[PDB]
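The figures here come from the full heavy-atom set of this structure, side chains too, leaving out hydrogens, waters and symmetry mates. Chain naming here is simple, since letters A, B, ... match the order of the sequence lines and numbering starts at 1 in each.
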There are 2 protein chains.
Amino acid sequence: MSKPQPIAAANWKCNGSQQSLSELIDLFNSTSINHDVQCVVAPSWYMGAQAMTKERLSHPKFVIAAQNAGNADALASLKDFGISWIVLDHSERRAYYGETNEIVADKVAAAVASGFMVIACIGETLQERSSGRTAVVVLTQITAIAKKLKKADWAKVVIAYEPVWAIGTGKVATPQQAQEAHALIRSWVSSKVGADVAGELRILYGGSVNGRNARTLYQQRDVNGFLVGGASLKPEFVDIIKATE
Amino acid sequence: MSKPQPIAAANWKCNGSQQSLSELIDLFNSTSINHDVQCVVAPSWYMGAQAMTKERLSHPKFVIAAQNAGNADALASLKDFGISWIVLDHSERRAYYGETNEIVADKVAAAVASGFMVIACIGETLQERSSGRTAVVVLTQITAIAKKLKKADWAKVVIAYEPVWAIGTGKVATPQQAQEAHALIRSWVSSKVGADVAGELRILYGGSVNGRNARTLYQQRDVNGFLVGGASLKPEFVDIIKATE
């Protein structure tokens with residue numbers, strides 16, 4: 001496959017049930033995973049979730065990611081607290097309130113500068129998809145991001161293709177849709193910065209991934225794992241991790 | 001007597017029912033309030049929360065607040081979007097990941113500088129309370145905040161005493177506990193900036209406030225209203241507003 005190390009990311013934004021979380025991490029801690037894969041849990045600070053996660057999470061293949069970073073103080077605070085991954089949900093921020101492509105690019109470049117691994121979420125809206133503007137839209141986003149990055153910075157970067165219309169809607173991208181978007185994203189990185197880097201970049205798919213559909217998505221040449229919301233708050237997440245083999 | 005205008009603030013962080021919100025604001029829009037009180041709703045941009053609120057909210061005594069501001073761009077963006085109040089959950093940020101007192105002070109000073117009204121949340125952890133360190137801890141936080149403020153800036157500032165151990169836990173501060181903390185806060189302000197300013201400052205209580213317990217809390221000499229999470233996502237919030245008479 002010569003695929004790089006896959007990633008399986010649990011997006012725990014705004015979760016309600018905190019006893020539920022502790023149990024989840026218990027399950028994760030005891031889950032034997034038989035292949036090379038980076039697992040990520042991205043709890044909110046909201047309630048005890050992030051603090052508890054930091055405390056209880058012990059599985060060697062898991063790291064903790066934060067939801068968004070702004071100013072280097074917040075970043076430095078995160079470093080201090082022991083968190084070194086960040087998820088930037090640009091796809092959504094752009095969609096819901098028009099966050100700028102340059103803003104996320106600045107965020108990425110800054111987070112990387114402070115030595116974070118960064119999961120950058122890019123994607124088109126339902127509108128844009130129907131219009132046939134996926135490629136234009138996605139290419140614009142990756143282009144903006146790349147502008148602010150040196151070749152070596154890509155080692156600290158992970159891209160998540162996360163079409164907004166697929167987020168929490170039950171509407172999953174078909175394998176062909178994901179594969180096209182990922183291929184498209186990689187090709188731009190190859191062009192801009194080199195086939196070597198482009199090859200090492202993980203591009204994760206996000207949006208209504210579950211244990212039933214994960215395996216077939218991962219089979220796609222340019223899919224390197226998943227960003228998972230709803231299905232990551234369930235024992236099902238384990239199936240998703242294993243779909244990345 | 002002579003309390004300044006009370007505030008009733010609905011903290012809608014990370015809420016998980018969107019149709020539920022629209023209905024809430026409908027109820028608020030039609031709610032007749034028979035006294036002078038500033039109401040505040042603090043929706044997340046997450047989902048349509050904030051954008052919908054901006055669109056549907058019409059009640060004359062309500063304003064919209066944002067959850068946290070960083071860099072003057074984000075602030076300017078907020079001004080542009082028509083939002084001019086901010087809630088800074090320092091109590092929590094400090095507790096969950098160790099946010100610095102000086103960081104929140106800088107945030108306050110900056111938000112005020114951009115012409116925002118600021119609700120600064122300060123408070124001690126369960127640990128600090130049990131240890132008997134409430135006063136030390138709370139005083140340290142207000143002190144930090146004050147260092148970055150000129151006398152005139154206090155007109156743009158609102159303090160919320162929000163003990164972390166009372167947040168979303170069902171454990172409400174007793175009236176005496178809230179009264180002590182508020183009195184302590186006000187007496188510092190009186191000393192280090194003046195009785196006049198100290199007299200005008202609203203100090204809100206936050207942490208497991210509901211319709212049953214609000215009235216008795218508000219009766220306390222130094223309580224100027226409430227920061228409400230869970231109970232602010234229910235029709236109950238109306239009872240809380242009326243408890244402020």
**Student:** Just checking A:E55: does its CD atom have more than 12 heavy atoms from other residues, nucleotides or ligands closer to it than 6.0 angstrom?
**Tutor:**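 Atom CD in A:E55 is not crowded, with 12 or fewer foreign heavy atoms closer than 6.0 Å.
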**Student:** Enter the distance from A:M52:CE to A:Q19:CD here, rounded to the nearest 0.5 Å.
**Tutor:** 8.5 Å
**Student:** Between B:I86 and B:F116, which heavy-atom pair has the shortest distance, and what is it?
**Tutor:**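 Looks like CG1-CD2, 3.4 Å.
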**Student:** If you measure from OG on A:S20 to CG on A:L233, what distance do you get to the nearest 0.5 Å?
**Tutor:** 7.5 Å
**Student:** Between the side chain of B:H59 and the main-chain N/O of B:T31, is any donor-acceptor distance below 3.5 Å?
**Tutor:**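 A pair under 3.5 Å: yes.
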**Student:** Please answer whether the main-chain N or O of A:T174 pairs with a side-chain N or O of A:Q177 as donor and acceptor at a distance below 3.5 Å.
**Tutor:**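 Checking the backbone N and O of A:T174 against the side chain of A:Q177, a donor-acceptor pair under 3.5 Å is found.
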**Student:** Quick one: does any side-chain atom of A:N213 pair with a main-chain N or O of A:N210 as donor and acceptor, under 3.5 Å?
**Tutor:**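 Yes; judged by distance alone, with no hydrogens or angles, the pair exists.
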**Student:** Does the side-chain hydrogen bond (donor to acceptor under 3.5 Å, both in side chains) test come out yes or no for B:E128 and B:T125, once each step is laid out?
**Tutor:** CA-CA 5 Å; B:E128 292 161 338; B:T125 65; 3.2 Å; yes
**Student:** I would like to know whether B:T100 and B:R94 meet side-chain contact (heavy atoms from CB on, under 4.5 Å); could you show each step before the answer?
**Tutor:** CA-CA 6 Å; B:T100 254; B:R94 183 194 168 253; over 6 Å; no
**Student:** How about CD on B:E23, more than 12 heavy atoms from neighbouring residues, nucleotides or ligands closer than 6.0 Å, or not?
**Tutor:** yes
**Student:** Does the A:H90 side chain pair with the main chain of A:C121, one donor and one acceptor, at a distance under 3.5 Å?
**Tutor:**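 Not a single qualifying donor-acceptor pair exists.
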**Student:** The test is salt bridge (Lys or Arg N to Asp or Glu O under 4.0 Å); show your working for A:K151 and A:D196 and say whether it passes.
**Tutor:** CA-CA 10 Å; A:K151 185 168 178 178; A:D196 50 352; 3.5 Å; yes
**Student:** Do A:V112 and A:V157 come within less than 4.5 Å of each other through their side chains, counting heavy atoms only?
**Tutor:** yes
**Student:** Using a 4.5 Å cut-off on heavy atoms from C-beta on, say whether the side chain of B:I119 contacts that of B:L88.
**Tutor:** no
**Student:** Looking at B:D239 and B:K234, is there a salt bridge between them, counting it only when a charged N and a carboxylate O are closer than 4.0 Å?
**Tutor:**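 Salt bridge absent between B:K234 and B:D239.
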**Student:** Under 6.0 Å from the CZ atom of A:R212, do we count more than 12 heavy atoms belonging to anything else shown?
**Tutor:**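 No - once you tally the heavy atoms of other residues, nucleotides and ligands closer than 6.0 Å, there are 12 at most.
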**Student:** Give me the atom names and distance for the closest heavy-atom approach of A:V137 to A:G123.
**Tutor:** CG1-O, 4.1 Å
**Student:** Looking at every non-hydrogen atom in both residues, tell me the closest pair between A:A109 and A:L149 and how far apart they are.
**Tutor:**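 Minimum heavy-atom contact is CA-CD2, 4.2 Å.
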**Student:** Below 4.5 Å, heavy atoms only, C-beta onward: do A:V164 and A:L126 meet side chain to side chain?
**Tutor:**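 No, their side chains stay 4.5 Å or more apart.
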**Student:** Check each of B:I240, B:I241, B:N11 against B:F226 using the side-chain contact (heavy atoms from CB on, under 4.5 Å) test, and report the only one that passes.
**Tutor:** B:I240
**Student:** Give a yes or no answer on whether the side chain of B:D89 reaches the backbone of B:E92 with a donor-acceptor pair at less than 3.5 Å.
**Tutor:**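 Judged by distance alone, no pair lies under 3.5 Å.
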**Student:** Check step by step if side-chain contact (heavy atoms from CB on, under 4.5 Å) holds for A:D153 and A:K150.
**Tutor:** CA-CA 5 Å; A:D153 291 333; A:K150 304 228 284 183; 3.6 Å; yes
**Student:** Enumerate donor-acceptor pairs with a distance under 3.5 Å from any side-chain N or O in residues 62-82 of chain A to protein atoms, sequence neighbours excluded.
**Tutor:**
unit_1 : atom_1 : unit_2 : atom_2 : d
A:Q67  : OE1    : A:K13  : N      : 3.3
A:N71  : OD1    : A:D73  : N      : 3.1
A:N71  : OD1    : A:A74  : N      : 2.7

**Student:** Has A:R186 got a side-chain atom pairing as donor or acceptor with A:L201's backbone, closer than 3.5 angstrom?
**Tutor:** yes
**Student:** What distance separates B:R56 CZ from B:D26 CG, expressed to the nearest 0.5 Å?
**Tutor:** 4.0 Å
**Student:** If only atom types and distance count, is the side chain of A:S22 paired as donor or acceptor with the main-chain N or O of A:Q18 below 3.5 Å?
**Tutor:** no
**Student:** What heavy-atom pair brings A:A214 and A:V209 nearest, and what distance separates the two atoms?
**Tutor:**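 That closest heavy-atom pairing would be CB-CG1, 4.1 Å.
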**Student:** What do the steps show when you test A:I122 against A:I145 for side-chain contact (heavy atoms from CB on, under 4.5 Å), and what is the final call?
**Tutor:** CA-CA 10 Å; A:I122 67 179; A:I145 285 165; 3.7 Å; yes
**Student:** Just jot down the side chain to side chain donor-acceptor pair (under 3.5 Å) partners of B:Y97, sequence neighbours excluded, or say none.
**Tutor:** B:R93
**Student:** How far apart are the closest heavy atoms of A:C14 and A:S44, and which atoms are they?
**Tutor:**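 Closest pair (atom of A:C14, atom of A:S44, distance): N-OG, 3.4 Å.
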**Student:** A:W12 vs A:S232, test: side-chain hydrogen bond (donor to acceptor under 3.5 Å, both in side chains). Steps then yes/no.
**Tutor:** CA-CA 7 Å; A:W12 288 354; A:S232 86; 3.1 Å; yes
**Student:** Looking only at heavy atoms, what is the nearest atom pair of A:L21 and A:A49, with distance?
**Tutor:**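 Heavy-atom minimum between the residues: CD2-CB, 3.6 Å.
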**Student:** Check whether any side-chain heavy atom of A:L184 sits under 4.5 Å from a side-chain heavy atom of A:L139, and report yes or no.
**Tutor:** yes
**Student:** Between A:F237 and A:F28, is the gap from one ring center to the other below 6.0 Å?
**Tutor:**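 Yes, the ring of A:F237 comes within the 6.0 Å limit of the ring of A:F28, centre to centre.
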**Student:** Are any non-hydrogen side-chain atoms of A:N34 and A:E245 less than 4.5 angstrom apart?
**Tutor:**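 No, their side chains stay 4.5 Å or more apart.
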**Student:** Are the side chain of A:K192 and the backbone N or O of A:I142 linked by a donor-acceptor pair below 3.5 Å?
**Tutor:** no
**Student:** Check whether any side-chain heavy atom of A:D36 lies under 4.5 Å from a side-chain heavy atom of A:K61, and answer yes or no.
**Tutor:** no
**Student:** Which pairs, with at least one residue in residues 156-167 of chain A and sequence neighbours excluded, count as a side chain to side chain donor-acceptor pair (under 3.5 Å)?
**Tutor:** A:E124-A:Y161, A:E124-A:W165, A:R129-A:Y161
**Student:** Within the structure provided, determine whether A:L27 and A:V238 are in side-chain contact (heavy-atom separation under 4.5 Å).
**Tutor:** yes
**Student:** Could you give the distance from CD1 (A:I25) to OG (A:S58), rounded to the nearest 0.5 Å?
**Tutor:**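 Nearest 0.5 Å value for the CD1-OG distance: 6.0 Å.
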**Student:** In Å, rounded to the nearest 0.5 Å, how long is the span from CZ of A:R202 to CG of A:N224?
**Tutor:** 8.0 Å
**Student:** Would you check, one step at a time, whether the test salt bridge (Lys or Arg N to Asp or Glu O under 4.0 Å) holds for B:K107 with B:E99?
**Tutor:** CA-CA 12 Å; B:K107 284 176 162 182; B:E99 181 187 53; 3.0 Å; yes
**Student:** Got A:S208 and A:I167 here, is their nearest side-chain heavy-atom distance under 4.5 Å?
**Tutor:** no
**Student:** Give a yes or no on whether the backbone of A:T143 and the side-chain of A:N101 come within a donor-acceptor separation of less than 3.5 Å.
**Tutor:** no
**Student:** Using a 3.5 Å distance criterion without hydrogens, assess whether the side chain of A:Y205 forms a donor-acceptor pair with backbone atoms of A:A173.
**Tutor:**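 Here the side-chain-to-backbone pair exists.
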**Student:** Would you compute the distance between atom CG of A:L204 and atom NE2 of A:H182 and round it to the nearest 0.5 angstrom?
**Tutor:** 7.5 Å
**Student:** Determine, step by step, whether A:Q38 and A:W85 satisfy the side-chain contact (heavy atoms from CB on, under 4.5 Å) criterion, reporting the C-alpha distance in whole Å, the side-chain angles of both residues, the deciding distance to 0.1 Å, and the verdict.
**Tutor:** CA-CA 12 Å; A:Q38 177 76 248; A:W85 283 63; 4.0 Å; yes
